[PDB]
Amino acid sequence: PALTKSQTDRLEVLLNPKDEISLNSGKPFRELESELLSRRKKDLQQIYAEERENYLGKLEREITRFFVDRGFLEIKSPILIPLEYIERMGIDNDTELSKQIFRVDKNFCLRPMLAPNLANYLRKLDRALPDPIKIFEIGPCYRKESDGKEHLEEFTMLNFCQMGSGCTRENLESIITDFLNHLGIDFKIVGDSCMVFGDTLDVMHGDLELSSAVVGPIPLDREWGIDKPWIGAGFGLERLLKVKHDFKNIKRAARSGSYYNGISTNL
């Protein structure tokens, strides 16, 4: 009555966090699979009858309303960006993040972060809008990754940011606090450091990094024409979903043809 690795992997695809089912109790694979298949078909039928919204889409909409209502302008900027942005962000051609970049043709890449486009918007909008400038964006970003439990190659970033008055550590933490309180997600702030921005305030849920946040100014500002105080933070939406729904693997949360709202589509 032992299960093979293939059998265990199939049952794990079909298992969901709310289940409490022992995969190696000695019940045969056929019965465990049939039970989980029936649970998951019922779950998908209930989604189709009663809500029909995609978790990533619904969370984006929820986050958008939060930031629009707090005075931030909603941005939708290019996902396909100049490759020259990477070197200008101080991503040394090197190894690290630089090796994670998906190149497109000769001179383009898929953005790995929203920051460069938002920096350009802060600079441009400061010529027309009253102080402070508050903007945010949600959308796809791309990195080649090796890991699998907390990393996706195609994921969804929120970055909000502000330039002008009010760009203090305490106001940044207060926005993060109000935001994650709105989502019902507990967290702590820990110092960390990265090659692009320097010191970061990392927003942690246990050992899971939900965000890196930054208080400017930083030396990179000159190369982007940023010449005022600023604050900003980038969050992964699939990581937020992973926490909210207690997923074991971030792939449950991803754009995917393999899962719908964390339910296997292989039924």
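Residue positions are given as counts along the sequence shown, with the first one as 1.
S.K.: Establish whether the other compared PDB entries of this protein leave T168 unmodelled at least a third of the time.
M.R.: In none of the comparable entries (those modelling both sides of it) is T168 left without coordinates.
S.K.: Within the set of other compared PDB entries, does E84 lack a model in a third or more?
M.R.: Across the other compared entries, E84 is absent from none.
S.K.: For the C-alpha atoms alone, is the average B factor greater in 171-179 or in 102-110, going by the entry?
M.R.: According to the entry, 102-110 carries the higher average C-alpha B-factor.
S.K.: Name the higher of the two by mean Cα B-factor in the PDB entry, 1-9 versus 257-265.
M.R.: Stretch with the higher mean C-alpha B-factor: 1-9.
S.K.: Using the temperature factors in the entry, find which of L158, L122, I75, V196 has the highest value at its Cα atom.
M.R.: By C-alpha B-factor in the record, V196 ranks first.
S.K.: Ranked by Cα temperature factor within the chain, is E209 in the lowest third, the middle third or the highest third?
M.R.: For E209, whose C-alpha B-factor we compare with every modelled residue in the chain, the answer is the lowest third.
S.K.: Would you check the entry's CA temperature factor for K27 and let me know if it's in the chain's lowest, middle or highest third?
M.R.: Ranked within chain, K27 CA B lands in the highest tercile.
S.K.: Can you tell me which third, lowest, middle or highest, the CA B-factor of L237 falls into for its chain?
M.R.: Lowest third of the chain for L237's C-alpha B-factor.
S.K.: With respect to C-alpha B-factor, does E150 fall in the lowest, middle or highest third of the chain as deposited?
M.R.: Its C-alpha B-factor belongs to the middle third of this chain's values.
S.K.: If you rank every modelled residue in this chain by C-alpha B factor, which third holds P132: lowest, middle or highest?
M.R.: Within its chain, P132 is a middle-third residue by C-alpha B-factor, going by the deposited values.
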